[PDB]
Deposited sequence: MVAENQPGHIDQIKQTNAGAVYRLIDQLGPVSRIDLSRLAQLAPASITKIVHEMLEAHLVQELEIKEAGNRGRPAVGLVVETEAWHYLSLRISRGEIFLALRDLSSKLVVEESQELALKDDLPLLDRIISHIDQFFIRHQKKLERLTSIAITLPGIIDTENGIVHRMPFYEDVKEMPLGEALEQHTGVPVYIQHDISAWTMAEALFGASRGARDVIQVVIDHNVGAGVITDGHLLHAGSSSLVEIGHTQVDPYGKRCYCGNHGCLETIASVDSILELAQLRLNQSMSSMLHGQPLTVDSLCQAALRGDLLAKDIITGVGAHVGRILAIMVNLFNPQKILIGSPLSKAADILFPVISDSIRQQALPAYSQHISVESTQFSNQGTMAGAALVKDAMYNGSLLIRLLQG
């Protein structure tokens, strides 16, 4: 276990600083040159690492990142650098004879069969899905569009099946980790990342650490009830924030409001977050009102979170950030009016660096597993 951390800490460095020397790794990782020698030599003998100084070897090593969303599975074969080999997306019908679990395995098998020739060593699967997720054990408790899913052993069934580690994460936590490693929150101690998407929620980084990291519970603010009379949520409650502020719910609402309007510009195109944001940025009062509304709800909850966590940055990750110039000040205003001035004083509401499209976040699951060394040791089996 001590071995596990050390290897990962040294891999991290090679990854981040390579070309880098054995001598340098020694001081930076605070580890005896002898330990560094040992760790590095295992890495060389596995082709996890190459010489020139030390550097990572990424081509020979692949992973699958899956993403699941409403009626769709995305699959991507990628290098450990995260470079894409092949990408597919497929129908995942919402209702079917077969359990979702199988249908999933089925899609994966088809992928390997199809692109079997592009495959180098498969190291792991990174999965990113909506729902209520035990990322420790890879259990999907409940999830949004496939009503059929209850305590689904996604992680275990897939490890059993592929013989490879399965890293499963919620979309939001995955994204938070991506922004932490590669994004807008690198080397930040205290961040709250809010995501307004098909999901509503947040990841938190406190004292430099991802809250709940590698535990079986997540930050689950999207399921704090805001309407005691609202629509049923897949969590098993009703009126959850996600019910009101998810992108899909905003758009259902806009549609209903649009139906009573004959004045709105949103009548010009099919209704999409993009047209929503486009219209609001022009001063369409309906569109603006809608975005303002979401602002108020998210602001409110974010304000509570500010009082508890005292973050340095707030990252909004969302299609609505197209309308940053309406959305962000509303969030800002809530936080200023609703959190301790001393905590709320010099807080920037800023957008996320990434838009989290496709399977891009999977890289954060893998690098994370390399860095904490868990995947690393599994790899050093050979």
Where does the model have holes with respect to the deposited sequence? 1 to 11, 64 to 76
